[PDB]
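Keeping their order, the protein sequence lines are chains B, C and Q. Each residue of the first sequence is one higher than the last, beginning at 345 in the entry's author numbering. Each residue of the second sequence is one higher than the last, beginning at 1 in the entry's author numbering. Each residue of the third sequence is one higher than the last, beginning at 266 in the entry's author numbering. These notes are about the structure you will find just below.
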Amino acid sequence: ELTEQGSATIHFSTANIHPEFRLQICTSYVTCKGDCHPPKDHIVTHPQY
Amino acid sequence: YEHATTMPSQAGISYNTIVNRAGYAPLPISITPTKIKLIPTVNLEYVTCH
Amino acid sequence: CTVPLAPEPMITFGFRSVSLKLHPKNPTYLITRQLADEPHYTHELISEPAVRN
């Protein structure tokens with residue numbers, strides 16, 4: 345849900361150590377750029393997303 | 001998470017540090033030594049007097 | 266029928282590895298299999314304390 349001048353927070357999942365993707369939001373494309381880090385667990389109890 | 005550090009052997013003075021996991025919040029660690037003994041293995045042989 | 270219940274295994278994690286400390290009260294089957302096209306299953310009867318990596 346969008347307000348007029350607010351800021352929307354999304355959650356995503358990746359395998360990229362330097363992820364960079366164009367985020368489509370309803371008309372337009374915004375670029376999301378960052379640096380991901382290794383997680384803390386070796387073996388987890390749910391499959392891959 | 002195996003974290004190794006080194007503390008100087010001096011009482012009274014607080015020793016501070018943190019642990020920076022690469023994608024998480026920094027975890028602060030504080031150690032303040034109070035009293036540091038040194039107890040030898042002591043073996044009585046004899047007593048004496050007047 | 267009431268059936269017994271073995272002790273909880275002690276699972277130690279590593280990079281692409283699971284270790285299992287197994288202390289059974291009475292003999293107990295450990296049945297493992299991979300969730301891939303080759304399951305490589307392992308039907309074993311463990312009666313003593315045993316570590317399985």
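Don't be surprised by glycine CBs; every beta carbon is placed ideally from N, CA and C.
- One thing to note: C:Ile29 has its Cβ no nearer than 8 Å to the Cβ of C:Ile13.
- Between B:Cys376 and B:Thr358, the beta carbon gap of about 10 Å keeps them out of contact (Cβ cut-off 8 Å).
- Residue pairing by DSSP puts B:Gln368 in a beta bridge opposite B:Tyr373.
- Residues of the region 369-385 of chain B that bring their beta carbon within less than 8 Å of a beta carbon in chain C comprise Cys380, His381, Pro382, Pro383, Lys384, in sequence order.
- Look at B:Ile361: its C-beta is not under 8 Å from any C-beta on chain Q.
- In the DSSP assignment, C:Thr17 falls within the unbroken beta strand (DSSP E) covering 15-19.
- In the displayed model, C:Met7 falls within coil according to three-state DSSP, outside both helix and strand.
- Between B:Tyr373 and Q:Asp302, the alpha-carbon positions lie close to 39 Å from each other.
- For the region 282-305 of chain Q, the set of positions with a beta-carbon nearer than 9 Å to some beta-carbon of chain B reads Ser282, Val283, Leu300 in chain order.
- When DSSP reads this structure, Q:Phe278 sits in a beta bridge with Q:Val283.
- When rounded, the separation of the alpha-carbon atoms in Q:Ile296 and Q:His305 is 11 Å.
- DSSP, read as helix, strand or coil, puts Q:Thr293 in strand.
- Within chain Q, the residues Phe278, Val283 have their CB atoms less than 7 Å from the CB of B:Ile387, given in chain order.
- Separation of C:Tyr24 and Q:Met275 (C-alpha to C-alpha, rounded to the nearest whole angstrom) is 27 Å.
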